[PDB]
Structure formats: structure tokens, C-alpha cells
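Shown next as C-alpha cells: one chain only, the form deposited in one PDB entry.
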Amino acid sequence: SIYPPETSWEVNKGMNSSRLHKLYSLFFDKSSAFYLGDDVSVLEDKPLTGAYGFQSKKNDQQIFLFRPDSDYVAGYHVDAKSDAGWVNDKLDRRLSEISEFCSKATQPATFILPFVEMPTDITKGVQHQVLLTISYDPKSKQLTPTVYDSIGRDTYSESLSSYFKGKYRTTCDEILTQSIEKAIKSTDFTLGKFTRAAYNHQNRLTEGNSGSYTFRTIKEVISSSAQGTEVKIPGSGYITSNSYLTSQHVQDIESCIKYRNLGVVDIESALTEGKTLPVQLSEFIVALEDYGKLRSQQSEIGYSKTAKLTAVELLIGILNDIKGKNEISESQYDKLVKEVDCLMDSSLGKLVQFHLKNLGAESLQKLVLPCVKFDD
């Protein structure tokens, strides 16, 4: 399976398990604002199926980060006459696997699992991205569950009176606490206080960018567990959301999803042996081809559509020729210079600009010139 470059994506347009996995590649990119190799290093294994293991350099603690899964879903019923909802069987099945790992765990661990919360009895379909953290201390013996939420509170001109919270739920906390209680019913562990940390002042049905917030919280919870520090979030350690999810964070995310072409084997490698994934030139070709496909489609000033499909076609041909063995005709290089202005216009430009920066060239000509064979 492959995580394509989705050239038109932006953070307000939502998350899914595949792209949240793709963003995991930035955890060992020293160039990225999400870099963790300072804070932790890879572990072996220590087999927690479906999770990546990490050992902190600074202290004793073990961090397990679960790979996103489209079945990590909890549904809650807004109507409080109904039952609290459902937790999908797979999410339940790794509350049980965490608890069995902890039953033999001998060093303290934190478990990080990104999942999706949704209201089922409301006709409207809304998905909301949240983060489950379970930390276990081998001497308590406590699992403390926490949910990080990027859309809740400051409540007031629009809260529920403690009457109406008896009538309506806004959260899967009731059924998720039940799931965790049932998962440790087997064991001897005492269950710590279930808390939900709601940050980023107030948002709508929109997640719509909470995928990006919970990815960011993932990096914050690994960093803070490695250094033995409280987790800091908006409204509790960070001034406002833009302190937390800064503009550099947003673009590290947007460039990863928009412009790279990663196979899941590459990401698994990247976090099972703690290494960066250098951008290769084939990705550039693929990114162009899917900017081409998606720009054929619409809108059916500026450069015409036929102008930029003729642009990217010729530039893909060049990059293919450049790729193997092979080298590029001088006749074809003149065609490209008269297309260079079109390649760098309007988002297609940011695509070209991204790859040029990640393959070490100042421009198209400087990228392709060492490659040209003049006659003669």
C-alpha cells in the first residue's frame, strides 16, 4: 500500500488513518518541527502489536505509539436516555492488549493511541479526531487514561446546565471509561482518574483540523513523557493555539501529505529503526502526475489548463529521462525554459518548489542543467 501525494489537501480538509500514519515519517526528520530523536530512540521490539516502541534517552520510560487504524472509533449517543454508545471491537481489543502488556511490564510506560470520536444517534455525520493516552506506573499499579481534545470549552454563553448534561452527552467519555474498566477487569491494576484535556478554545462540527492538532499532541506527549515533564497544551502551558500548532508545524504537515509518495513499508522502516526518509526523485514525478490528473478535472486570469498540463507533461518526461540512465537533450531543455514560469506559478509552483528544495537544487534549470548534453 502507498500514501500518495494529495496535491490539493490542506489541514482544514480533514484527517484519516492513512495520512495520520504518513505524518509519522516526520518524527525522525531532523529538518522537522516534530523531530523526536533528541527526546527518544527506537526500542526492540518490545512487541506491542500494532504499536511502535520507543525508549527515552533522558529517563527510564518506554513510549508506545500506536499506528493509526480506521477501526479505532468510539461512537457516543447524544441522547442520554440511550446507552453510552459503542467502542469498535478493535479499539477494545487493544485496551485489553495494553493491559496484558502492563501485567508483565516492569518499567513505566505511556501508551499513545489516536482514534476518532463520533455521535451516532445524531443524523448528521461528524468525525472528530482525538487522542487517548494511557500511562502505567509499575509500582502503583495504576493505568491513568487521558483523552486530548482540540475542540472543547470555554463553555459559558453556550454550555449545558448540569440539568441538560443529564439529557445530552457531547463526548465518548462514558463508554470509553467502561471499555478501559472492562479491559483491566482481569488484572490487579487500580484505574487512575479519567481526565479529558480539552484545549484549542472552541471549534464547530468541523473537526476540521483536529487531525493536525492531535498529531501535534502526539509529538508533545512523546516529548513530555521522555523528559518527565507535564504535557503542555493551549489553555494550560501554551498561550494560544498558534503557539502550539505554529505555521511551520502546519506546513511540515501540509507538505508531507501534499507532495510526498510514501509506501507503508517505508514508514514502518522509518520508525522501527529511527531514521529519516529522504525525498527521492520518483516522488517528484508522481507528485506531478497526480497534480496533472487532478487538474485535468476542473473547472470543467492566469495560465490556462492546457498551459499547465503541457507544462507538467514535458517536465515529467524530462524527470523520467533524467531518472534512468539517462540524460536530457539540449533540444528538450529549451522547451523547458519557456515553461519555467508556468511551473512556478500558483500552488503547482509550491509543488515544484518543495521537491527542488528536497533534492538540492536552486531551480529547474539548475536541477536539470548538469543533466543537459549540448550539441556538441
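Numbering starts at 1 and runs along the sequence shown. Throughout, rigid core stands for the largest set of C-alpha atoms superposing within 1.5 Å between the two forms.
The discussion below concerns the form deposited in another entry, not included here.
Chemist: Any idea which of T170, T229, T206, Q142 has its C-alpha shifted 2 Å or more between the shown form and the other one with the rigid core fixed?
Modeler: Just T206.
Chemist: So the Cα-Cα distance between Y76 and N203 shifts by 3 Å or more in the other entry; is it shorter or longer than what we see here?
Modeler: Farther is correct, given that in the other entry the C-alpha spacing of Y76 to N203 is increased by at least 3 Å.
Chemist: Note whether the distance between the C-alpha atoms of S255 and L205 decreases (closer) or increases (farther) in the other entry, against the displayed form; the change is 3 Å or more.
Modeler: Result: closer.
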